[PDB]
Every structure is written in structure tokens, then in C-alpha cells.
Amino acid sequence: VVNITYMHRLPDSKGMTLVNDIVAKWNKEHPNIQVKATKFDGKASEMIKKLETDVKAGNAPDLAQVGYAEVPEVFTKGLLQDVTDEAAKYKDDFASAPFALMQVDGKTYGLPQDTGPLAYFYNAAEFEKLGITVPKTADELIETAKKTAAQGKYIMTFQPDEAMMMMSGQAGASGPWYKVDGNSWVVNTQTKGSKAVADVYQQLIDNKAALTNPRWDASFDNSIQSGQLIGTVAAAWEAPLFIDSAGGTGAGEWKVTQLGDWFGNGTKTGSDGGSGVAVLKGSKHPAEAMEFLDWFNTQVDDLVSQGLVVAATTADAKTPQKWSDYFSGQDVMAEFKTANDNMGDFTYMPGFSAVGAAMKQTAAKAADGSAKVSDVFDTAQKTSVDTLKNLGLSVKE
């Protein structure tokens, strides 16, 4: 018998198949590989800090959820165990792009779990009532946003507490910020996409035509339940969280579509989260941990219940009934799978955490008019370069 520990930050909310109930099915069938999964008791950004303290203390879990944007960071801090041959055994159970994001320098450190493509959530019934359509161009988007804002309804958000992924994702839909050239990281967060995103959100904020409530504040939930928020860009895994936040408002009326051609992106979209599960330094059971993890990550209907757009290609889960009930009977998982397939490549630098922390601060100022949306991307540039220099890494800008 071997005992495995798995630390995760899956929501485990009402209506979901709880992680402990998924693990229970494994534990009944595999007496020699016994798993205990624990939900991290803290906000998402504190989890890799806990993994670092745990690995230093010599008491880390075997397995831990690591965002794709976090892999380079935990790799650089020496937190990962090479499981290349174990991962190769399970490669055909997963999509190639997310599997590649669990790799550094031809070595694999775990299995991918989900992807986080950005899409557009909107009240389709309300759009039809108000005489509007999903805007096809940035200029149409701004004109339509001003028209709804005149009657106290909003078709866009600017979420200062989600600046890291909302600004990097909408900008990143049209090209990378970070590249590797020989020995160095090459940093440019002021791309054509960054300029386009700043221009669009600057016009929306100048015209009081996007809601600036932080995503994780009660004001965001109140905006949905009160009927004020009738459209927003959103990460695909927000679907169940958004439904719960709505408190029944819009049930049977909403739909999902692709991110529009608003930021010079055409039919492409960006990445907002999405994670794998890494094998940590000091794990005494990588082979058994990876056997369990391949099984876990291919429990497609249970993982979709948690809001995951799964990396697994072993089976296809139907849109959960809870989601299609909310979203007008729409097959929203088909829209999420299309969005995933249109997600532009976007390599993350080690220390992207620190870049997000600084971007959040500037975005609060852009939201209240004390800074420009473009300053968020300048903050990203300077904090990107300073973070790389502080990690002792070679950086060019």
C-alpha cells in the first residue's frame, strides 16, 4: 500500500461532484494506492507560496494544482519532480497544447487538467428586447455599450482585481508578451493587442460604459442579480460560479459566444487561468501518483461539474443541465471547446504572480480615472523586467 496526497483549489461548490467523492471511487477500486485530496484553505495566489514553504519543510503533498502561468515559477523555485516517462505513458489521454504547458526544457512535471479560454457571456433575451446585437467590431462595441449605459445596463466589465488575466488574455489573444531567445527572457507587454485593449477599455471607462466592480466583490454579484450587468468577457471556468452569483436573474435568457474581433484578434481568444497537477520535489510515489492523476483528470463529467474545460480527450462531457438551464438551453461546452481551440499561444515568464499583483493596483487607478488603461500595460512591462532580474534570470527589453 502507498498513500498519496493531492492539494487542489477546485471550487467544490453546490451542484458539483465534490473532489472527495471523485477520489472515493478511486479508493474503493485501488486498495494499494490510497489518496487523500485536500482543498487549499486560502485564496488562489497563496497556494504556490504554501507549496514552497511545504517543500522547504520537507512535508509537501505528492500532487498539487499548478496554473500553467505558475509552472515556470514553481519550476524556477525547484519545487517540481521530473516525471517525463510517467507523463509519456498518459500523453494520448490529453490535448497536446495543455500537455506541453506542463513541460520545461523537454521534461514533463505532471498532467494538464483544464484550460481557461476567454469567451463572452450575455443576456441574449435582453439584447433582443433592447434592440441590440453582439457587436462585431470595436467601434460597434463602444457605440452599443454607450447606448445600454444610458439606460443603466452594461455589456462590458473592467475588473481591477482580475487585471492579470483579463488584460493579458484580451491583449494576448493577438500575440505573446514573453519569448525565450537563447539565454534570455524577451519582455514586451506593449504589443498591438495591449494598445487595442487599452484603447477599447479607455473609451468604455471615459464614457462610464463598463462596470468597474471587482470580480470577487459582492458588487459584482449584485450587478448580475439586479439586472445591471447584461454582458461581460469571462473565463470559461466562471460558468457555474457566474450562475450561482446571478441568484436566478437571467435564468433561461443568457448565452455564450466567442470573444469578438474587438482587440485586433480576429477569431482568436486569450488564456485566463487553466491548470495542471504537478508532482512535487520529495514525492516518494510519482508512478502511483501519476496513475491516480491520469484517472482523476479523465473523470470528464465530474470535472466539468466543477466548471473545468477539461484537457482530457478520452471522452466528451455534455454541457451540465444546470448550465444549459441558465444559458437558454445552449450547448455552452461546444462554445468553450471552440474558444479553447482558438486560444493563442502565450508563454508565461517565471514570477507572473508579481506582475499580476502590480497590474491589479494600476487597474484600480485606471477604473476610477486617476490613471490610463495603458498604464496597466506599462506596469506589466516594468514589473516583468524587475521580477526576472530579482529571480537572477537574464532579461531583454
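Numbering starts at 1 and runs along the sequence shown.
Peer 1: Looking at the entry, does 353 to 361 or 52 to 60 show the higher mean C-alpha B-factor?
Peer 2: Stretch with the greater average CA B-factor: 52 to 60.
Peer 1: Regarding 220 to 228 and 174 to 182, which shows the higher C-alpha temperature factor on average in the entry?
Peer 2: Per the deposited B-factors, the answer is 174 to 182.
Peer 1: If you check the C-alpha B-factor for each of 236, 155, 88, 165 in the entry, which is highest?
Peer 2: Each of 236, 155, 88, 165 was compared by C-alpha B-factor; the highest is 88.
Peer 1: For the CA B factor values reported in this entry, which option in 319, 113, 159, 194 has the top one?
Peer 2: Top of the list by C-alpha B-factor: 319.
Peer 1: Comparing residue 133 with the other modelled residues of its chain, is its CA B-factor in the lowest, middle or highest third?
Peer 2: Answer is highest: the recorded C-alpha B-factor places it there.
Peer 1: Ordered by C-alpha B-factor within the chain, which third holds residue 373? Give me lowest, middle or highest, please.
Peer 2: Middle third by C-alpha B-factor.
Peer 1: Just say lowest, middle or highest third for the CA B-factor of residue 333 relative to the other modelled residues in its chain.
Peer 2: Ranked within chain, residue 333 CA B lands in the highest tercile.
Peer 1: Compared with the other modelled residues in the chain, in which third is the CA B-factor of residue 146?
Peer 2: Ranked within chain, residue 146 CA B lands in the middle tercile.
Peer 1: Going by the CA temperature factor in the PDB record, which third of the chain does residue 127 belong to: lowest, middle or highest?
Peer 2: Top third by C-alpha B-factor.
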